[PDB]
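J.: Note that the protein sequences, when read in sequence, are chains B, C and A.
Numbered per PDB author numbering, the first sequence spans residues 65 to 159, 168 to 251, 255 to 334.
Numbered per PDB author numbering, the second sequence spans residues 65 to 159, 168 to 251, 255 to 334.
Numbered per PDB author numbering, the third sequence spans residues 65 to 159, 168 to 251, 255 to 334.
My questions all concern the structure below.
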Amino acid sequence: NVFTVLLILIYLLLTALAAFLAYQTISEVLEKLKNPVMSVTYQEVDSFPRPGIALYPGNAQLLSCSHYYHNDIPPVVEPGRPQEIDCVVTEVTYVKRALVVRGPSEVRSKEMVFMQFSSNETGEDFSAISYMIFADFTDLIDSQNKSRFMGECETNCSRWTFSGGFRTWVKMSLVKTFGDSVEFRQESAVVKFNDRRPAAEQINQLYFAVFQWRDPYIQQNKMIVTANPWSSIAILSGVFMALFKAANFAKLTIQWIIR
Amino acid sequence: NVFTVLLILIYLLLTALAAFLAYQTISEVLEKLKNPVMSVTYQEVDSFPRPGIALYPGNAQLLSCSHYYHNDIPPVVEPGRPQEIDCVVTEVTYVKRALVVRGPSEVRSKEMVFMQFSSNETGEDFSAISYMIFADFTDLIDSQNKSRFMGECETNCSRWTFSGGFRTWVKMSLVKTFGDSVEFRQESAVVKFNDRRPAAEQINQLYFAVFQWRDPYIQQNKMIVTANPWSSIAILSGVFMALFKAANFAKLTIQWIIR
Amino acid sequence: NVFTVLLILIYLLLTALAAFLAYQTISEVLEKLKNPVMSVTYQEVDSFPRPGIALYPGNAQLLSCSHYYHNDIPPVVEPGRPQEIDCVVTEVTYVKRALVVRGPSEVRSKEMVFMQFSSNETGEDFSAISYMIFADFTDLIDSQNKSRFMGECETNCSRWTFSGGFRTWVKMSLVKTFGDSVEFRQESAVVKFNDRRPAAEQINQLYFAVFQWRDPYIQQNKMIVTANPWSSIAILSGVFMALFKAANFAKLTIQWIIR
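Structure below.
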């Protein structure tokens, strides 16, 4: 009577296959649950809120802050001192002065902030001006104390520079992270400014900069996990249901073979 | 006779667990169906088709367009006017002249397009030359009218610049998007050209540029969704099958306990 | 007796639905198995091992290699020749001399390697100095022959340049790929150095460079496939179990309708 030994063999092979599938599903779901996957989405926005460009001039002085639309850069009429157009907020924080310039809105009309500095430097030998871009300009002027908020952004918001003698076309764009947080990233483009001034007044450098928006989109980053635990739990129920089914079918076939 | 109340309790708990799994699977599949995932693939290509580099010189004049292999840049023999080598297509579109230069093929042999401009500028004060790279040069010369095709690429294809006085080593690479579309992206590298000319003829700037391919690969972008709706529908069938099974086993156990 | 024709019709529709689900699950799992998905993870590291910056000066000579902490760049006391501080390894490979400079550790203290070159160039007309960053400096000095290891890194590790007359603030960061491999990527920032030297000794250029770490993180890249084959095999078992179940329920309902 070797029929019950063969029935125990096919039941042992069926529970071995069910235990192998139950190990492999839990191992694969834990492996896809360990490493998350970033998912990108481009939300279109027709008009941005006006950001703040917190420039840090050491001894430089702002000479222009004129907005220009539709990529129309005119020739500058003189490298002396004209009057500003945009609203500047000169504030002194300590964690240094931060000449905050209100940035551009209206991305579809291509608005830029052409600005121009000048510095007769004598102590430093690397002509740079740092800056830092935060998300909203009205949050600065609608604050009860500006030196708390600019201090707070001097720890988290990152600082780039531009050079002395070059127009630095800065094209910024937003990135929103979920999981909320909103940060900037820019791409400079250096173009040499040829001096056609007399050589008596060429001791002072000139710092041009163009800040515009790149494209009317906001990149959205969501951290997503590609493992499904509830589905995996169900899949284990469908395995543990067929481990009973195939054992009952083998118990029927083991008696039907000697009928 | 409180046995039917306990059978209705275990059947209510089983259909509550089945309704909870049927809500959670549909919610998880809709959440993973909302946010897609970009998938990158690097198709290797041994030889690229020759692209077109649509330069926009304002008043500059091309002085060289010589190909060089194996990263061999020779010294330029004179900053005057030699003769060109590559094929230029001077065409006038309006949406400006677009001196289209046929780009490099043979990425494994490291072919580049060394070019040199010159401009005695008097009206502008930012020495830049814009350019724009489209995917195939033979599509321009095999067109019935070139001002339709260049006008079409002046809306979609993006424009970078290079400066006056610097060699701008542009290393381009393709990106193909699926979901078809093919676009470029480049990374410049500015190196200062020191003038060793007499100072009588230093009124005109010099614009050097090097266009080569970066690596023999084409990055392929496919938008992929990590949710499986057919599998989810099946998983719901396996849940709604075990909601009957466990209720039948509870109906057997409720009568077997008082046997 | 048209009841068996209707039972064969509902059994044919049930095996058609089961064959459609069994085709669609295998097609969706093969489609999500064809295209893999890159997964990013940022492992924090409090202190990096010191890398090697394999500069290639043609005829330039190193004049300083001083470390500075906490973004404190002092004024350089003279553009002549001071003495070095960091350890340089001048070695001659051929696949050229490779003046290997030991890079910075201690990312949280913001350590940089300020260096300064000088070259009275007469044969070349593009003032550039190439470099190349490998992962560990002690692997070079703890090698039995340095010209094998530098040869081997001259094929795989990529080469950037910096210019003559500009401070090039290089901010490097690691990327580790799995599937092991470790590579660098940097982002330069060019700032013009204004010469305040007498014009008799301005025939030689000056090459400044700053090498620091960007942020205390190591980006980890794992290639992950979003398809689950074992789960798909199970899902097929749950489909092929319900194809029997619904056929048995239709066989019960076809006799219960004429009871």
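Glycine included, C-beta positions come from ideal geometry on N, C-alpha and C.
Mind listing which residues of the stretch 299–328 of chain C have their C-beta closer than 8 Å to chain A's C-betas, in chain order?
T.: Listed in sequence order: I299, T301, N303, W305, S306, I308, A309, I310, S312, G313, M316.
J.: Would you tell me roughly how many angstroms separate the C-alpha atoms of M102 (chain B) and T249 (chain B), rounded to the nearest one?
T.: Cα to Cα, the separation comes out at about 10 Å.
J.: Under 8 Å, Cβ to Cβ, is there at least one residue of chain B near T233 (chain C)?
T.: For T233 (chain C), the answer is yes, since a Cβ of chain B falls inside 8 Å of its Cβ.
J.: Rounded to whole angstroms, what's the CA-CA distance from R114 (chain B) to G237 (chain A)? Just pull it up for me.
T.: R114 (chain B) and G237 (chain A): Cα-Cα distance of roughly 36 Å.
J.: With distances taken between CB atoms, is the gap from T157 (chain B) to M222 (chain B) smaller than 8 Å?
T.: Yes.
J.: Roughly how many whole angstroms lie between the Cα atoms of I333 (chain C) and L73 (chain B)?
T.: Taking the straight line from one Cα to the other gives about 34 Å.
J.: Check whether the Cβ of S245 (chain C) lies closer than 8 Å to any Cβ atom in chain A.
T.: Chain A contact via Cβ: absent.
J.: So with CB distances below 8 Å, who are the chain B contacts of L85 (chain C)?
T.: Here the neighbours are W305, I308, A309.
J.: In chain A, which residues lie with their C-beta within 8 Å of the C-beta of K98 (chain C)?
T.: Near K98 (chain C) there are no residues of chain A at all, since even the closest Cβ is about 15 Å away, more than 8 Å.
J.: Tell me the residue span of the alpha helix (DSSP H) that contains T240 (chain B).
T.: Segment 238–249 is the beta strand (DSSP E) holding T240 (chain B); no alpha helix (DSSP H) there.
J.: Between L71 (chain C) and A82 (chain C), what straight-line distance do the alpha-carbon atoms span, to the nearest angstrom?
T.: The straight-line gap from Cα to Cα measures roughly 16 Å.
J.: Output yes or no for whether 8 Å exceeds the beta carbon distance between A309 (chain B) and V69 (chain C).
T.: Not closer than 8 Å, so no.
J.: CB-CB under 6 Å to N123 (chain B), same chain, minus the five flanking residues each way: which ones, in chain order?
T.: Same-chain partners within the cutoff: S191.
J.: Considering only residues of the same chain and omitting the five flanking positions on each side of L311 (chain A), which have a CB-CB separation below 7 Å?
T.: Contacts found: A86, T89.
J.: Can you tell me the Cβ-Cβ gap for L126 (chain A) and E148 (chain A), rounded? I've got them flagged as a contact below 8 Å.
T.: Yes, they are in contact, since the Cβ atoms of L126 (chain A) and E148 (chain A) sit about 6 Å apart, within 8 Å.
J.: Which residue's Cα is closest to the Cα of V93 (chain A): C:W305, C:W232, C:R289, C:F324?
T.: Considering only alpha carbons, the answer is C:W305.
J.: Which first and last residues belong to the beta strand (DSSP E) in which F286 (chain C) is found?
T.: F286 (chain C) -> beta strand (DSSP E) spans 280–288.
J.: Relative to chain A, which residues along the stretch 103–116 of chain C have a C-beta separation below 8 Å, given in chain order?
T.: Listed by position, the residues of the stretch 103–116 of chain C near chain A (Cβ gap below 8 Å) are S103, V104, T105.
J.: Grab me the residues of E108 (chain C)'s own chain with a C-beta within less than 7 Å of its C-beta, minus the 5 sequence neighbours each way, in chain order.
T.: If we look at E108 (chain C) and ignore the five residues flanking it on each side, its Cβ neighbours are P291, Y292.
J.: Leaving out the 5 sequence neighbours to the left and right, which residues in its chain are closer than 7 Å to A207 (chain B) when beta-carbon positions are compared?
T.: Contacts found: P115, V257.
J.: What separation, rounded to the nearest whole angstrom, lies between the Cα atoms of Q280 (chain B) and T194 (chain C)?
T.: Those two C-alpha atoms are separated by around 21 Å.
J.: Over the uninterrupted alpha helix (DSSP H) stretch that includes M316 (chain C), give me the two end residues.
T.: Per DSSP, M316 (chain C) belongs to the alpha helix (DSSP H) from 304–331.
J.: Can you pull the DSSP bridge partners for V265 (chain B)?
T.: According to DSSP, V265 (chain B) bridges with B:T240.
J.: Helix, strand or coil: which one does DSSP assign to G223 (chain C)?
T.: It is helical.
J.: When you check each C-beta in the stretch 256–274 of chain B against every C-beta of chain C, which residues fall closer than 7 Å?
T.: Cβ contacts with chain C come from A264, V265, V266, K267, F268, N269, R271.
J.: Which class does residue 252 (chain B) belong to by DSSP, given the choice of helix, strand or coil?
T.: Inspection of chain B shows residue 251 followed directly by residue 255; residue 252 (chain B) is thus not represented.
J.: Determine the chain B residues that contact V101 (chain A) at a beta-carbon separation under 8 Å, and present them in chain order.
T.: Chain B residues near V101 (chain A): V101, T301.
J.: Note down the Cα distance separating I213 (chain B) from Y106 (chain B), rounded to an integer number of angstroms.
T.: Approximately 30 Å, taken between the alpha carbons.
J.: Just reading off the beta strand (DSSP E) that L171 (chain A) is part of, what are its end residues?
T.: Its beta strand (DSSP E) spans residues 169–174.
J.: Of all the options B:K182, B:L119, B:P121, which has the alpha carbon lying nearest to the alpha carbon of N135 (chain B)?
T.: Here the closest residue by C-alpha is B:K182.
J.: By alpha-carbon positions, which one of B:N217, B:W241, B:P121 ends up nearest to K168 (chain B)?
T.: Closest by alpha carbon: B:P121.
J.: With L119 (chain C) as the anchor, note down where its beta strand (DSSP E) starts and where it stops.
T.: Counting along the chain, the beta strand (DSSP E) containing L119 (chain C) begins and ends at 116–119.
J.: Find out if the Cβ-Cβ distance for the pair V173 (chain C), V185 (chain C) is shorter than 8 Å.
T.: Cβ distance < 8 Å, so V173 (chain C) and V185 (chain C) count as in contact.
J.: Take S128 (chain B) and list the residues in its own chain whose beta-carbon comes closer than 7 Å to its own, dropping the five residues that flank it on each side.
T.: Result list for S128 (chain B): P146, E148, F186, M187, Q188, in chain order.
J.: Would you say the beta carbon of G313 (chain B) is closer than 7 Å to some non-hydrogen atom of the ligand FMN?
T.: Within the structure as shown, the ligand FMN is missing, as the structure has no ligands at all.
J.: Establish whether the CB of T89 (chain B) and some CB of chain A are separated by less than 8 Å.
T.: Yes, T89 (chain B) counts as interfacial toward chain A.
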